[PDB]
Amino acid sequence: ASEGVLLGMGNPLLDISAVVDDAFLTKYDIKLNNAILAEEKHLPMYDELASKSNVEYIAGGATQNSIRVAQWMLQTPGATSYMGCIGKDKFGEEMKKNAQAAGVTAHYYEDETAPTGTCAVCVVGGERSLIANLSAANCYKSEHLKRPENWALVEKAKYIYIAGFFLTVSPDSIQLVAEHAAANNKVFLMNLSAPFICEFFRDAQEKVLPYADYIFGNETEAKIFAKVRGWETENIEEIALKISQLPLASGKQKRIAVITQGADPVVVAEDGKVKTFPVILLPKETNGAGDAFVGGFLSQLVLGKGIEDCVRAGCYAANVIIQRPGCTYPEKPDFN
């Protein structure tokens, strides 16, 4: 677990989590077990959540959550890094404060006008309501990555994880680091989180797939990925195998596809074979479970462990996060 051994790049959103009541949900007309794009009526909501003393600020975003969970799972200081776009405002300073507290060496790109991306995480029991305002998170430029103090994080990194969503924000950055990983013996990892499915983004994803050593995804993302490229099969075990056997780049030898199915087992394809991994629960046990699974998987991958340890750690971290308000965790882990 060397300095900056694992790097992430994505859309950072400051998650403003707080336990709410019926009056709050009725006031802003927001329903539980739902995630909506933020509107004008939901913009003054971030001030009412701040006025609550029990508010929790977290440097969120799908990839950043995976990086924080990996840092928490590893515990070695300075092992993780992250790059993403934020705004020059109070929420941007809270993002920098929380990333430092989580142990992540974050080098953010500050946009000169777009305010920092935020996500209200309203909690009642186990249920949640997400209201994301992406705003600055979609303004990352490759000029930031190409600067020497930020490109040093790529050079230091052995494992680089980038979500498929980043292909819509900065396709130059993902392609540049994926090609660099193939040339300098680094492991490039990615996921099938491609919300937009246009010809522009399909061809952008087609160009980065050969450079992916690991492709993470969930049953819904994998089934849609299969239907897009004409694969008629619907069996998740067959789709995972077909993902692992996609064309490989010159600097690659094999690919591992990890498809989670929530409660159902985690499916892993490797060396032309598919293995099933039943989910093991914690003593007396969905928001951000996928992000926490990738985080736990990345931690054991960094330590040079076998696939079974990576799946068990992923499931452990996903089980911890779902029993907590948001993508939070205790001080130290209890995994083996």
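Start at 1 and count along the sequence shown; that's the residue number.
**Student:** Can you count, per the entry, how many deposited residues between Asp47 and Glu48 come without coordinates? Answer none, 1 to 3, 4 to 9, or 10 or more.
**Tutor:** The entry leaves nothing out here.
**Student:** Using only the Cα atoms and their B-factors as the entry lists them, report which of 234-242 and 148-156 averages higher.
**Tutor:** The deposited B-factors put 234-242 ahead on the C-alpha mean.
**Student:** Quick one: say whether 84-92 or 192-200 has the higher mean Cα B-factor in the deposited entry.
**Tutor:** The entry gives the higher C-alpha B-factor average to 192-200.
**Student:** What third of its chain, lowest, middle or highest, does the C-alpha temperature factor of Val294 fall into?
**Tutor:** Its C-alpha B-factor belongs to the lowest third of this chain's values.
**Student:** Taking the chain's C-alpha temperature factors as the reference, tell me which third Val124 falls into: lowest, middle or highest.
**Tutor:** Highest third - that is where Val124 ends up once the chain's C-alpha B-factors are sorted.
**Student:** Looking at the C-alpha B-factor of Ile16, is it in the lowest, middle or highest third of its chain?
**Tutor:** Middle third, going by the recorded CA B-factors of the chain.
**Student:** When the deposited Cα B-factors of this chain's modelled residues are ordered and cut into thirds, is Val320 in the lowest, the middle or the highest one?
**Tutor:** For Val320, the deposited C-alpha B-factor lands in the highest third.
**Student:** Which third of the chain does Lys252 land in by C-alpha B-factor: lowest, middle or highest?
**Tutor:** According to the entry, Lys252 has a C-alpha B-factor in the chain's highest third.
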